[PDB]
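Presented as structure tokens, the chain that follows is alone, the form deposited in one PDB entry.
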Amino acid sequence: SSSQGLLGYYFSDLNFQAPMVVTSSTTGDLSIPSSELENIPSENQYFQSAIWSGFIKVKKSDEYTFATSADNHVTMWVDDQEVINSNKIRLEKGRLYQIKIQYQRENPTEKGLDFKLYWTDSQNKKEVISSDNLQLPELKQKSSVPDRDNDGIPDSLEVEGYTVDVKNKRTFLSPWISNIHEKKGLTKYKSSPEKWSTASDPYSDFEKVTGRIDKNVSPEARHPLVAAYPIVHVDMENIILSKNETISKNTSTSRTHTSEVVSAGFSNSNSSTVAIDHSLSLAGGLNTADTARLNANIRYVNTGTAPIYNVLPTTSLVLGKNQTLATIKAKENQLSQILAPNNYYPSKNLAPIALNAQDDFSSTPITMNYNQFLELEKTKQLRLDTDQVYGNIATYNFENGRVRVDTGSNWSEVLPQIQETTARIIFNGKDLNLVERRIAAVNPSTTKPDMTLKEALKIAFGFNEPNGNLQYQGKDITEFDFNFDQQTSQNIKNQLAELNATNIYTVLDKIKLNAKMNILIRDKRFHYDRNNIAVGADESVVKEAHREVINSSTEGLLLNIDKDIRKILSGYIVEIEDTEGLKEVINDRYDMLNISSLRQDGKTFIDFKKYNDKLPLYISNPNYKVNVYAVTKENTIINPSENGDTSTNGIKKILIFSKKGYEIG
């Protein structure tokens, strides 16, 4: 508990107008050595005034006399009862007494401040007040030292710009100073002087930048304009079907975002889609009055910016458009760990959660009638709808200076405000998964910081401009498309008009965000479905992606393929073409295309043996060709056609390799 003591404001001017340093002292020693004033301009290092605030707490009732290093330039009050300008004052045990210390000094010939706070009890024991008796003011939001929102940062600094510099034992909040601060690698902040939390979340602007916050809040959300909140969906890893009173397959799940009509949506609901493996795992009985049972392994996923402690959200497992087959619930207050941002529950190094645990004989079975099982087979897809019922928030406590789960703070009270006051940006550049972030933005309809689209991209997703050109990890911003909801689209379209700009990438630094916008940014190389899941890529892109052939034989192809490309590929078709042009498909079945696998070295191996009776391809003549085709997710057939055809005939495939027997060797 290091944020113990009084909160001090140090001004360079004589009448509390130019805040230079805002920081806390641990004990009665309120001194700031010039040694730690490096980032402050030489002249402003001469503090002409200062104000301290907090509370005093005594373990045993008694009468005290307060004094300071310079009683002549000070005015202190205890409970608004003026003590210095100095008589004894009684303080009962178990009571917090508010302190306010004022200090003015016109003639600083010295830099920094040497100023201590003392007190003497009834016996004549005089000593600098200990950390044990001091505590910061309750800088929490108010019911319905210029600090309109009570977060602790002066209104002027929030509006003008400020930064924080961690000294050896303290963190100094200071106004932004370009020449000094920029080249020191410090971040310039600007927050609303009217909002305790500028992004409307449970942590204040001061708590965020000063580090008086949950260790699990994402680094980017420690910025007062970036919202810190959980975002959870369920990830099904595998499933097993059985006849009620066996089909065991791997599943791929993707968090989703539904577009309307082409145009991103307004939904702030969680949901994921599961695709069950359609390929043979082994090889290969139900009637109209049987029932099948479903079990599966799952993990909760937090892709947001704040953790969860005592309530996992509820989820509906859905078949088709709206046939709920189960309601998945976790036990409130019985979590075995927290669900951290950019993390899982349970953690990936631990076993996943079974819907019906081997343990639990009393778990509700997930049942399907005969028609349902047919529907599931027909689609081989499931949906997981999850509510936004998170629990209590681990908040910072000024009394003890520790972060703890607060039973009085609840996410449900927070989410609506965050959603109404910020701009949403969903970006998939990291690994093609949809990642959502919310940035504080003004309701067009004079307090909040203006926010440009470029800056949002920088503080929320970590984009940068090494030469003034915005990029996300070496990838130019033009490699990503911008999609908006209808309203936002017209808004942006209008902004362009006033700028006489016809292109967005050209004026990103000048497009301003407003609260309630919905912006979707996706990698341009891929095909997306209505859920915004990457389901394909142009033939040209795919062909190009298979150019790096490290090896080829009658046994298989070894290649280097982009991780994002491999994600949109469902399978490969192997074929031998004779000198006549006639073909022979080796793995001639819609469920036998699962011949690719990633190696430890990250190289892809396409296995010719798998579906060739574990024997290497037999190329009767070296003038014969081996063609290998790639099938993408969106073109994947998962059942026999409607007659009964199970061949690869009719499958939209992309030629990605073709060489003669002698070229392959």
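Numbering starts at 1 and runs along the sequence shown. Take the two forms, superpose them, and find the largest set of C-alpha atoms that agree within 1.5 Å; that set is the rigid core.
Asker: Relative to the other compared entries, is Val262 without coordinates in a third or more of them?
Answerer: Yes: coordinates for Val262 absent from at least a third of the compared entries.
Asker: Please establish whether a third or more of the other compared PDB entries omit coordinates for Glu63.
Answerer: No; none of the other entries leave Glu63 out.
Asker: What does the record say about the segment between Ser445 and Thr446: how many deposited residues are without coordinates (none, 1 to 3, 4 to 9, 10 or more)?
Answerer: The entry has a gap there, with 4 to 9 residues left out between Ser445 and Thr446.
Asker: When you step from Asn85 to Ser86 in this entry, do you jump over none, 1 to 3, 4 to 9, or 10 or more residues of the deposited sequence that have no coordinates?
Answerer: Going from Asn85 to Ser86, the model skips 4 to 9 residues of the deposited sequence.
Asker: Would you mind comparing 106-114 and 458-466 for me and telling me which has the higher average C-alpha temperature factor in the entry?
Answerer: Between 106-114 and 458-466, it is 106-114.
Asker: Averaging C-alpha B-factors over each stretch, which comes out higher, 374-382 or 477-485?
Answerer: The stretch with the larger mean CA B-factor is 374-382.
Asker: Highest recorded C-alpha temperature factor, please, choosing from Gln98, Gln419, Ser412, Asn531.
Answerer: Max CA B-factor in the entry, restricted to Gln98, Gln419, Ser412, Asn531: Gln98.
Asker: From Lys633, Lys610, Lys625, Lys57, can you pick the one with the highest C-alpha B factor in the entry?
Answerer: That would be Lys57.
Asker: Could you look up the Cα B-factor of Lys321 in the entry and say which third of the chain it sits in: lowest, middle or highest?
Answerer: Highest third, going by the recorded CA B-factors of the chain.
Asker: Sorting by Cα B-factor within the chain, modelled residues only, which third would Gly285 end up in: lowest, middle or highest?
Answerer: It belongs to the highest third of the chain when residues are ordered by C-alpha B-factor.
Asker: For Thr407, return the chain-relative third of its C-alpha B-factor as stated in the PDB record: lowest, middle or highest.
Answerer: Ranked within chain, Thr407 CA B lands in the middle tercile.
Asker: Ordered by C-alpha B-factor within the chain, which third holds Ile654? Give me lowest, middle or highest, please.
Answerer: Bottom third by C-alpha B-factor.
Asker: Name the third of the chain's ranked CA B-factors that contains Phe361, choosing lowest, middle or highest.
Answerer: Highest third of the chain for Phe361's C-alpha B-factor.
Omitted here: the form deposited in another entry. The next part is about that form.
Asker: Which residue, chosen from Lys493, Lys93, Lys378, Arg404, moves its CA by 2 Å or more between the shown form and the other one under a rigid core superposition?
Answerer: After core superposition, the one over threshold is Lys93.
Asker: Superposing on the rigid core, is the CA of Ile129 displaced by 2 Å or more between the shown form and the other one?
Answerer: The answer is yes, as the C-alpha of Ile129 shifts between the shown form and the other one by 2 Å or more after core alignment.
Asker: Would you tell me if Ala70 moves between the shown form and the other one by 2 Å or more at its C-alpha, with the rigid core held superposed?
Answerer: Yes, the C-alpha position differs by at least 2 Å between the shown form and the other one.
Asker: At a 2 Å cut-off on C-alpha positions, does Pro41 qualify as shifted between the shown form and the other one after fitting the rigid core?
Answerer: Indeed, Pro41 is displaced by 2 Å or more.
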